[PDB]
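# Here is my input; please provide its structure:
(one chain, ligands or ions: 6)
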Amino acid sequence: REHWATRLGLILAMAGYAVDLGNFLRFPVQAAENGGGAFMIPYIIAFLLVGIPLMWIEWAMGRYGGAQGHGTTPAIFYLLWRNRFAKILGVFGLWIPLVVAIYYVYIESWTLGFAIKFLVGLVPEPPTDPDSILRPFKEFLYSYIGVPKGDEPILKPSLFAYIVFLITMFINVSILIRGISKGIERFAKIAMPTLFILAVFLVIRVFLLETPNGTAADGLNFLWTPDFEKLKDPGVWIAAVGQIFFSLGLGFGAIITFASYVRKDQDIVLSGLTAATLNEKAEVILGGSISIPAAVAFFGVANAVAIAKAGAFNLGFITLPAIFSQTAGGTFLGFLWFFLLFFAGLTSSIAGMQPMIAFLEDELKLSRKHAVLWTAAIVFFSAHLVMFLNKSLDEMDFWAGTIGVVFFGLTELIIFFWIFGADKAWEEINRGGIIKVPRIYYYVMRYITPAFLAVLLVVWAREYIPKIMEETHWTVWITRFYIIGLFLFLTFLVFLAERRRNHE
Ligand SMILES: CCCCCCCCO[C@@H]1O[C@H](CO)[C@@H](O)[C@H](O)[C@H]1O
Ligand SMILES: CCCCCCCCO[C@@H]1O[C@H](CO)[C@@H](O)[C@H](O)[C@H]1O
Ligand SMILES: CN(C)C[C@@H](c1ccc(O)cc1)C1(O)CCCCC1
Ligand SMILES: CN(C)C[C@@H](c1ccc(O)cc1)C1(O)CCCCC1
Ligand code: NA
Ligand code: NA
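Residues are numbered from 1 along each chain as shown. Ligands and ions are numbered 1, 2, ... in the order given. Provided below are the atomic coordinates:
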C-alpha cells in the first residue's frame, strides 16, 4: 500500500484538505453575523466537543482500514460492523466526496480563470457610488458563469471558463496520477507555504488600506467586537457547530481515505490535532483579517452589516475584486487573491477525488493510472450538469455537502464508537500516539459529540428540507435524479467488488 513519506507531508496534506475558500470567505461572514467576537465562545466549544473528537475518529477509522488494505468506507464500515447494511451506508462515504468534487472543481476553475484575467489585466475598470463600482464586477462574474438573463434555468459559461475548467481538471489529474507521496504530499509541501506567504502579504496589504469611508482597523473592530446578546440565540450555537464541522471537512470520507495511508503504528493523535489547529489558525487569523476588514475599509463600517448578509460568494468574487480595482496595483492584488483561493481549492479537490480513486484501487484492483483517469472522467462528465443547469450546484451542495455530511459524520460515530465498540475504538485512536487523548474525551465521543450532531441534523432537516422540497424550481429534480443514479452506480460497483472477492 502507498504511504505518506514524512510526518510533515501528512500534516500539510491534511491541513491542505481542510484549508480552502471557506476559511477566507465563509468563516468571516458567519462570525460577523453571529456576535462577532462573542462568536468565538461557541466556536471554540464546538471545536473541543465536536470538531476535534470526530477528526481523531476519522483518522482512526482510516488508519485501521489502511492496515487491512482498504481506504474507503464501504469496506471500512464492514470491517467495523460485518453487516450488509454497513456496506450500503459506506457508499455515502464515496458518494458525498464524489458529488461535491463534481461541483467544487468547477468553482476551483473560476479562481484560476479570475487569477489569469487579473494577472493580464482583462478585468472591468470602473467608473463614485458603491453600485457603480460593484455592478461592472457583478457582470464580469455573470458573463463568466453565464448566469441566466431570461426565464430559462440555463447557464452559458464563456469559452474561457470552459477551457480553464479543462486546464483545472488536467492539473488535478497531474497531481493525483503521481500518487500519495510523490503527488499529493509533494504538492502539499509546496502549496501550503505558498498559501501562507500569499495570505500574509494580503493581510499586510489589507491593513494598510485607507479610504474616506474607513480603515482596515475599523474592519477588525466591527468583526471582533463581541455581541454577547447573540449567545442566547440557539441558531448562533448551531452556526458555530456547523462552521467547525464544515471547515474541518468532517463527514466527507476524505480524511478517512487520507488516514488510510498512515502506517499501522504511526501517530494520529498529535498529527490530527496539529492539522486541525493549522486549519483554525488559517481560518481565524488569516481569513478573518482579509475579506471583511477590506470590505469595511472601503465601503465604511456603515455598510458592514449589508456586506456580511450579501454572502461569501458575493464577497469573494464581486466585492473584493471591485475594491481592488480602486487601489494602487489592485489588479495584481486581485491576482494574488485568486491565486490564493486557487491553491486553497486545489489542495482540497485532490483530496476529494482520492476516495473514488482509492476505491477503484483497493476494491476493483485498478492501477493508479486507470483509477485516476476514470475518476477524472466521471467528474468531468458530471460537471457539465453544474456548468449548464442553474442551481444544480446548490442542490448537490445541499444533499451531499450539507445534509449528507452531518448524517454521515453521525453514522461514523455510531458505527465506530457504539457498534464496533467504544473500548476498541478508544484503543484504536491512542495506539502509536505521541500524546494520548485525555480520558475525558471518551465520554465526549460517546455521548456529547453524537448528541451535538443529532441536534444539528434535526434542526437543519426541519428548517431547510421543507423549503427545498416545496419552494424550488422543478429543475432540481434533474440534479436529484442524476446524483441518486450516481449512488446506484457506486452501489453496483460495491456489488462487483464483493463478487470479485468471492471469486478470488
Ligand atoms: C447537462 C449537460 C448538457 C449541456 C450541454 C449543452 C450544450 C449546449 O450546446 C448547444 O447546442 C446547440 C445545438 O444543438 C446550440 O444551438 C447551442 O448554441 C449550444 O449552446
Ligand atoms: C442541464 C441541461 C442544460 C441545458 C443545455 C442548454 C442548451 C440549450 O440549447 C438548445 O439546444 C437545443 C438543441 O437540442 C436547441 O434546439 C435549441 O435551439 C438550443 O437553444
Ligand atoms: C454549504 N454552503 C452553503 C457553502 C458552499 C456554497 C455552495 C453554494 C452557494 O451558493 C453558496 C455556498 C461553499 O462551500 C461552496 C464554495 C466555497 C464556499 C461556500
Ligand atoms: C474541507 N473542505 C471545506 C473542502 C471540501 C469541501 C466541501 C464542501 C464545499 O462546499 C467545499 C469544499 C472538499 O475537500 C470535500 C471533498 C470534495 C472536494 C472539496
Ligand atoms: Na477549513
Ligand atoms: Na485546500
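# which residue ranges form the strands in this protein?
210-211, 214-215 (DSSP state E).
# Which stretch among the ones you listed approaches residue 56 most closely?
strand 214-215 (41.5 Å; Cβ to Cβ). Yep, even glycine has a C-beta here, placed from its N, CA and C like the rest.
# Name every strand pairing with the closest one and say which way it goes.
The pairing partners recorded for strand 214-215 under DSSP bridges are strand 210-211 (antiparallel).
# where's the strand it pairs with relative to the chain centroid, distance-wise?
33 Å (Cα atoms, centre = their mean, to the nearest Å).
# For residue 288, see how far away residue 466 is.
As judged by Cβ to Cβ, to the nearest Å, residue 466 and residue 288 stand 34 Å apart.
# how many neighbours does residue 368 have?
18 (other Cβ atoms under 10 Å).
# follow-up on the earlier one: residue 466 and residue 288: which has the busier surroundings?
Neighbours per residue, other Cβ under 10 Å: of residue 466 and residue 288, the larger number sits with residue 288, 22 against 10.
# In contact with that one, which residues are there?
27-28, 31, 223-224 (Cβ atoms under 8 Å, 6 or more residues apart in numbering).
# mind redoing it with 10 Å?
Residue 288 makes contact with 23-24, 27-28, 31-32, 40, 203, 219-220, 223-224, according to Cβ atoms under 10 Å, 6 or more residues apart in numbering.
# Can you tell me which of the strands of the chain is packed in deepest?
For the strands of the chain, the largest average neighbour count (mean count of other Cβ atoms under 10 Å) is found in strand 214-215, namely a mean of 21.
# who's in contact with it?
Here strand 214-215 makes contact (Cβ under 10 Å, 6+ apart) with 207-209, 221-222, 293, 295-304.
# what's the closest non-adjacent residue to residue 26?
Nearest residue to residue 26 in three dimensions, chain neighbours excluded: residue 312, at 4.7 Å (Cβ to Cβ, 6 or more residues apart in numbering).
# how much space between the one you found and residue 379?
When distance is defined by Cβ to Cβ, residue 312 is 23 Å away from residue 379.
# Looking at the two, which is more packed in?
Taking neighbours as other Cβ under 10 Å, residue 312 and residue 379 compare with residue 379 leading, 24 against 18.
# which ones are touching the more buried one?
98-99, 101-106, 169, 172-173, 349, 352-353, 356.
# ok, now with 8 Å
By Cβ under 8 Å, 6+ apart, the neighbours of residue 379 are 98, 101-102, 105, 169, 353.
# Most neighbours of all those residues, which one?
In the contacts of residue 379, the most neighbours by other Cβ under 10 Å go to residue 101, 31 neighbours.
# excluding its backbone neighbours, what's nearest that one?
Nearest residue to residue 101, sequence neighbours excluded (Cβ to Cβ, 6+ apart): residue 352, at 4.3 Å.
# Export the contacts of residue 379 to CSV and append columns for distance to residue 119.
Formatted as CSV, these follow (distance: Cβ to Cβ, whole Å):
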residue, distance to residue 119
98, 32
101, 26
102, 28
105, 21
169, 21
353, 27
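# from those residues, which two are the most distant?
98 and 169 (14.4 Å).
# of the strands of the chain, which approaches residue 438 most closely?
strand 214-215 (42.7 Å).
# my guess is residue 112 contacts residue 338, does it?
Yes: counting by Cβ atoms under 8 Å, residue 338 is a contact partner of residue 112 at 7.5 Å.
# distance of residue 245 from residue 182?
From residue 245 across to residue 182, the span is 32 Å (Cβ to Cβ).
# next one: residue 214
The gap separating residue 214 from residue 182 is 48 Å, by Cβ to Cβ.
# What of residue 37?
From residue 37 across to residue 182, the span is 44 Å (Cβ to Cβ).
# Give me the buried positions along the longest helix anywhere in the chain.
When the chain is scanned for its longest helix (criterion: DSSP state H), the result is helix 84-120. Across helix 84-120, burial judged by 16 or more other Cβ atoms under 10 Å covers 86-87, 89-119.
# cool, and stretch 201-221?
For stretch 201-221, burial by neighbour count (16+ other Cβ under 10 Å) applies to 202-203, 205-207, 209, 211, 214-216, 218-221.
# Tabulate these in TSV, adding columns for distance to residue 342.
Formatted as TSV, the buried residues of stretch 201-221 follow (distance: Cβ to Cβ, whole Å):
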residue	distance to residue 342
202	14
203	18
205	18
206	19
207	23
209	23
211	27
214	29
215	29
216	24
218	29
219	24
220	26
221	30
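# so which of those would you say is closest to residue 269?
After measuring the buried residues of stretch 201-221 against residue 269 - Cβ to Cβ - the closest member comes out as residue 203, at 31.1 Å.
# if I pick the closest one, what's in contact with it?
Residue 203 neighbours (Cβ under 8 Å, 6+ apart): 286, 289-290.
# Nearest spatial neighbour of residue 280, chain-adjacent residues omitted?
Nearest one to residue 280, counting by Cβ to Cβ, 6+ apart, is residue 47 at 6.8 Å.
# brain fart, residue 369
The shortest distance from residue 369 to any residue other than its chain neighbours is 6.2 Å, reached at residue 177 (Cβ to Cβ, 6+ apart).
# residues contacting the residue in the stretch 251-400 of the chain positioned nearest to ligand 4?
With Cβ to the nearest ligand atom as the measure, residue 352 is the residue of the stretch 251-400 of the chain nearest to ligand 4, at 2.3 Å. Each residue near residue 352 by Cβ under 8 Å, 6+ apart is listed here: 17, 97, 100-101, 104, 252, 254.
# 6 Å instead?
Residue 352 makes contact with 97, 101, 254 under the criterion Cβ atoms under 6 Å, 6 or more residues apart in numbering.
# Save the residues you listed as a markdown table, and put in distance to ligand 1 too.
As requested, the contacts of residue 352 are arranged in a markdown table below (distance: Cβ to the nearest ligand atom, whole Å):
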| residue | distance to ligand 1 |
| --- | --- |
| 97 | 21 |
| 101 | 17 |
| 254 | 26 |
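# so how far is ligand 5 from residue 250?
10 Å (Cβ to the ion, to the nearest Å).
# Confirm for me that that residue is in contact with residue 56.
No: Residue 250 lies out of contact with residue 56 (Cβ atoms under 6 Å); the separation is 10.6 Å.
# of these two, who's got more company?
Neighbour count, other Cβ under 10 Å: between residue 250 and residue 56, residue 250 has more, with 27 against 22.
# For that one, grab phi and psi.
When read as degrees, to the nearest 10, the backbone of residue 250 gives phi -70, psi 150.
# Distance-wise, check it relative to residue 323.
Taking Cβ to Cβ, one finds residue 250 at 33 Å from residue 323.
# Tell me how far the nearest residue to residue 272 once chain neighbours are set aside lies from ligand 2.
Distance criterion Cβ to Cβ, 6+ apart; nearest residue to residue 272, sequence neighbours excluded, is residue 59 at 4.6 Å. According to Cβ to the nearest ligand atom, to the nearest Å, residue 59 and ligand 2 sit 39 Å apart.
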